């Protein structure tokens, strides 16, 4: 969980460089994001979910402070603000976002579909 976008980028790129065919996942978090609270309580804490994603490759950027660096990263991903979860691949491409709460089964299905 990061609040510094450049630090996040370094960590993500290291993971992608060390294992390029395995993507990472980026969640745009805020203290006020309702779907983030629901995901934490019912979905992203499930062991089946941890196995498909590799939670060592699950990243969160906390944009609550709405700093300029956060606005820029949102723009890079085509968002105005949370919620948003992306599969981010080593070639620079990204999936369509998850835009709200989903249950474990659907979450795994979305991840597997987006390689």
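Residue numbers count along the first chain shown, from 1.
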property	result
Higher-scoring stretch by recorded Cα B factor average, 61-69 or 22-30	61-69
Segment of higher mean CA temperature factor, 75-83 or 42-50	42-50
Among 106, 9, 17, 94 - the residue whose C-alpha B-factor is largest in the record	106
Third assignment of residue 111 from its chain's C-alpha B-factors	middle
